[PDB]
Amino acid sequence: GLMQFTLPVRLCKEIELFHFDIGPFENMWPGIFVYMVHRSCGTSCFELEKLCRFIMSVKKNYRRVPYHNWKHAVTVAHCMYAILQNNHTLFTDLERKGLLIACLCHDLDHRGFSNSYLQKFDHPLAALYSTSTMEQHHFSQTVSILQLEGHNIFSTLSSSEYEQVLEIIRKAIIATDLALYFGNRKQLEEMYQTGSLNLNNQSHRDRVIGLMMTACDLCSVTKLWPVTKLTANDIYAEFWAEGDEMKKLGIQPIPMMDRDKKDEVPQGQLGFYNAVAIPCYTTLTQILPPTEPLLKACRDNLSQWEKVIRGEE
Ligand SMILES: O=C(N[C@@H]1CCN(c2ccc(Cl)cn2)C1)c1nc(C2CC2)ccc1Nc1cncnc1
Ligand SMILES: [Mg+2]
Ligand SMILES: [Zn+2]
């Protein structure tokens with residue numbers, strides 16, 4: 001109860017910032033996550049013995065892949081931490097609880113392959129879940145760990161609140177299917193621009209949480225250039241491996257997943273910042289102004305990718 005977590009001064013300061021990198025010391029990441037839950041939610045939110053055990057079962061069920069790994073799970077929870085800390089009054093006690101756990105669980109048991117590849121490969125998960133194939137798997141894994149013994153971190157909630165929080169987490173994890181981002185933002189854009197957006201509307205709240213999850217999921221594009229640059233290597237490591245597996249199915253992959261088409265990556269990143277990233281943080285800033293630093297950082301990396309094409313690096 002009186003056992004606070006405390007980080008070194010540089011991390012204690014820098015972890016409040018949006019562009020925070022959790023660093024290469026894996027054994028610190030669980031403590032970083034418990035510090036964030038304590039500040040963002042409260043020392044009373046979770047039983048420390050259960051949370052710690054929950055955290056370590058989740059870690060175990062992430063795989064050793066270049067990008068969609070344990071570090072990504074924690075990085076995505078940090079972004080969600082920063083948003084909730086800068087938007088202090090807007091979110092309920094169950095949301096702040098649900099959302100940090102949703103972020104940590106969002107990519108449980110990821111194999112480094114897109115939904116497309118599972119469909120074309122005719123993976124068993126594709127027959128079980130026809131859309132948002134991995135995301136439904138991710139949520140299924142989350143429920144599996146919650147139900148392990150001594151892992152029910154929500155055991156103080158009423159039966160009804162417990163159902164609410166698992167509904168928050170399900171929708172939250174499904175929203176990280178990028179296929180669903182495009183329509184979600186467009187609907188939020190119109191609701192803002194016609195001025196009919198309404199945070200008391202539960203249908204509206206879900207969409208906003210959906211956008212927050214995309215924002216957090218893509219947050220490697222909102223770091224200082226060196227972190228974003230080096231994370232781009234890990235993502236394409238996964239992309240190029242999948243392309244190889246596409247070729248093995250007798251399918252020429254899209255250039256994004258073809259390693260013989262590295263030259264085209266800089267231009268591919270512009271399209272992505274223009275088509276996906278900037279629109280995502282713009283709309284998010286419009287609905288939550290104190291998230292503006294995610295937009296600024298995103299623009300800074302977009303500018304850096306233009307410099308790459310101009311041969312200045
Ligand atoms: O870039 C991403 N998608 C782009 C789509 C088009 N792109 C493309 C097109 C043509 C060529 Cl020839 C090369 N590439 C790539 C990306 N996607 C995801 C989720 C799987 C959806 C997450 C992060 C991402 N970027 C990222 C950048 N930096 C640090 N971390 C992640
Ligand atoms: Mg995912
Ligand atoms: Zn993810």
Side-chain angles (χ1 to χ4, degrees), residues 19 21 58 61-63 65-80 99 102-118 125 129 131-142 169 172-182 210 212-243 246 252-281 294 297-298 300-302 304-305 308-309:
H19 61 275
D21 177 280
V58 173
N61 284 278
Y62 275 89
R63 300 178 171 268
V65 293
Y67 179 78
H68 287 101
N69 55 31
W70 181 226
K71 183 170 205 178
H72 175 63
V74 178
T75 298
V76 168
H78 163 264
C79 185
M80 180 63 77
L99 287 175
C103 289
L104 192 71
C105 289
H106 88 281
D107 277 326
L108 261 172
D109 203 26
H110 207 298
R111 327 304 175 90
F113 296 124
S114 72
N115 288 330
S116 288
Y117 175 75
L118 287 192
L125 290 172
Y129 320 114
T131 57
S132 308
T133 303
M134 284 304 311
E135 294 79 15
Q136 293 195 60
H137 181 60
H138 298 322
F139 176 67
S140 193
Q141 292 282 287
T142 306
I169 293 163
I173 288 192
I174 303 305
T176 65
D177 184 6
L178 204 70
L180 298 179
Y181 151 71
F182 295 106
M212 285 160 57
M213 291 295 296
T214 309
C216 295
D217 203 7
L218 296 187
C219 81
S220 295
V221 301
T222 78
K223 306 305 192 200
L224 306 194
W225 171 239
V227 170
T228 296
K229 182 170 170 176
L230 285 168
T231 310
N233 290 348
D234 298 331
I235 187 75
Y236 282 94
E238 290 203 356
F239 286 161
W240 298 332
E242 178 172 321
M246 285 291 183
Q252 252 297 132
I254 64 185
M256 181 205 314
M257 287 178 202
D258 197 331
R259 68 170 72 261
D260 308 310
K261 300 197 180 162
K262 311 213 173 190
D263 39 284
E264 304 185 21
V265 161
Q267 194 68 65
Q269 284 296 291
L270 282 201
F272 183 74
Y273 276 80
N274 283 310
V276 193
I278 296 292
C280 170
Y281 294 113
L294 290 165
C298 198
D300 280 329
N301 287 318
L302 173 42
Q304 286 302 293
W305 280 111
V308 178
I309 297 168

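Note that the numbering runs from 1 along the sequence shown for the chain. Ligands are counted one by one from 1 in listed order, and the atoms in each one are counted from 1 as well.
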On a heavy-atom basis, the closest approach of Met246 and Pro253 is CB-CB, 4.0 Å
- Message: Run the salt bridge (charged side-chain N to carboxylate O under 4.0 Å, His left out) test on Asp109 and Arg111 for me, step by step, so that the C-alpha distance in whole Å, both residues' side-chain angles and the decisive distance to 0.1 Å come before the verdict.
- Response: CA-CA 6 Å; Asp109 203 26; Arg111 327 304 175 90; 3.2 Å; yes
Of all heavy-atom pairs linking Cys103 and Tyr62, the shortest is O-OH, 4.4 Å
TODO: May I ask you to test the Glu264-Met256 pair for a side-chain heavy-atom distance under 4.5 Å?
DONE: no
Checked the Zn ion (ligand 3): protein N, O or S atoms closer than 2.8 Å come out as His72 NE2, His106 NE2, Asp107 OD2, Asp217 OD1
Min side-chain heavy-atom separation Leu108-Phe139 under 4.5 Å
no
**Q.** Sub-4.5 Å side-chain heavy-atom contact between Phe272 and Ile278
**A.** no
Margin query: Go through it in stages, so that I can follow the logic: the residues are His106 and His72, the test is ring pair (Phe, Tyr, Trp, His ring centres under 6.0 Å), and I'd like the CA-CA distance, side-chain angles, deciding distance and then a yes or no.
Written below: CA-CA 10 Å; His106 88 281; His72 175 63; 4.9 Å; yes
Heavy-atom closest pair (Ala297 atom, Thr222 atom, distance to 0.1 Å) is CB-O, 3.3 Å
Open item on the list: Does either side chain, that of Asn301 or that of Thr228, offer a donor lying less than 3.5 Å from an acceptor on the other one?
Closed with: yes
Within the 2.8 Å cut-off the protein N, O or S neighbours of the Mg ion (ligand 2) are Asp107 OD1
Enumerate the pairs of nitrogen or oxygen atoms, one from ligand 1 and one from the protein, separated by less than 3.5 angstrom; state names and distance to 0.1 Å.
residue: ligand 1; atom: 1 (O); partner: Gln269; partner atom: NE2; Å: 3.1
residue: ligand 1; atom: 14 (N); partner: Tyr236; partner atom: OH; Å: 2.8

Exercise. Should the pair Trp225 and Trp305 be assigned to parallel (<30°), tilted (30 to 60°) or perpendicular (>60°) ring geometry?
Worked result: perpendicular
Worksheet item: If we ignore angles and hydrogens, is there a donor and acceptor under 3.5 Å between the side chains of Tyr236 and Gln269?
Response: yes
Sorted by chain and number, sequence neighbours left out, side chain to side chain contact (heavy atoms under 4.5 Å, CB included) with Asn233 holds for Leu230
